[PDB]
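The same protein chain appears twice below, in two forms, each given on its own as structure tokens and labelled structure 1 and structure 2.
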Structure 1
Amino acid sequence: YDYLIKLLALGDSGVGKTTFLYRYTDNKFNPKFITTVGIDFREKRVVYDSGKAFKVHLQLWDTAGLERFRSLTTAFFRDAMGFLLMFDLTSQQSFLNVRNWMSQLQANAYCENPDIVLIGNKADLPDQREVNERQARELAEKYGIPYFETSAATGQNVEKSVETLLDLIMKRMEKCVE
């Protein structure tokens, strides 16, 4: 093995990242780390009281697994170098959530800061565009990251969007040789 480069596939559900990764990768090596998460409840029956008298049923709810899902998130974000930042072309809320998640991004130290790529998936379905290129190109100009109209169905821009991901990382690693 040459180098270990860790890439993350980000974006809101149904946008196609799992699909995007499946056909690109070409292999069946796929280690999973899965935890359990849940919510639950308990009931109590109390009388509540000139003072009217009411039979009251209290459902009191609780979350479980909570902390594991943070050790899970951390595990996912650790030593990350490249961000597959995709939205849906047929969904403007996928661009909205992206813009607001990029807006809340508290930028860290330069060489420690992961590279990012804005990706627009589902371009094989243009009859359903809620998305305008020049109204996405601004956001990727506001940040200085490339953009690809990709589709995990046709395979459009699939390789060159990931191969372009290395370039930025290797060119980041050039500055801090280590």
Structure 2
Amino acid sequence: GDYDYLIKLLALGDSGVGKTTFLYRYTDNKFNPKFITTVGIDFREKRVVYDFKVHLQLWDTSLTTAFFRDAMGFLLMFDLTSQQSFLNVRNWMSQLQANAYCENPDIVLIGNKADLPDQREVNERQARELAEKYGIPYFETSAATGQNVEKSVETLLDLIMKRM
């Protein structure tokens, strides 16, 4: 423990895609909360109610902002075996840009579950184009195998190190 930079990367994408497994494979056992408190503003009032006097609280229908907080690079991720998750990239990208530190931060496009060719619904060309539309690297990965799992974070880190 004698380094020089501490930098934050965010993985974002639909449930299933392999974020949890991807990181887990890229890292190895780190079940450790970083933590703070969180607000829950709620109104209150002191009603009287004969059948007593009741005080009562009034709640209503967050952390998201706290996740994109400081995130200097993004792993935009989908499931190669799911045409649906590929389409949702359009939408994770939207709320990414809305929350990030900058309008175009550093994203690497990750197609995961590359080890399931039999179950594929997303083609190389498709992704490559979206990637280029946005103008960012693309990586076909597997959390199961390790395919490109490192190269993808590394291409990300390498990018977030362009300064001035």
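If you superpose the two forms and keep the largest set of C-alpha atoms that fall within 1.5 Å, you have the rigid core. The first residue in the sequence of structure 1 is number 1, and each one after it adds one.
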Inset, instruction - Could you check whether the CA atom of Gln93 moves 2 Å or more between the two structures, using the rigid core for the fit? - result: no
Inset, instruction - Please say whether, between the two structures, the C-alpha of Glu138 moves by 2 Å or more once the core is aligned. - result: no
Legend entry - Large Cα move at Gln128 between the two structures, threshold 2 Å, rigid core: no
Legend entry - Core superposition result - C-alpha of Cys111, shift between the two structures, Å: 6.1
Inset, instruction - Can you read me the CA shift for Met102 between the two structures, rigid core superposed, in Å? - result: 2.9
Legend entry - Distance the CA of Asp79 travels between the two structures [rigid core superposed, Å]: 1.7
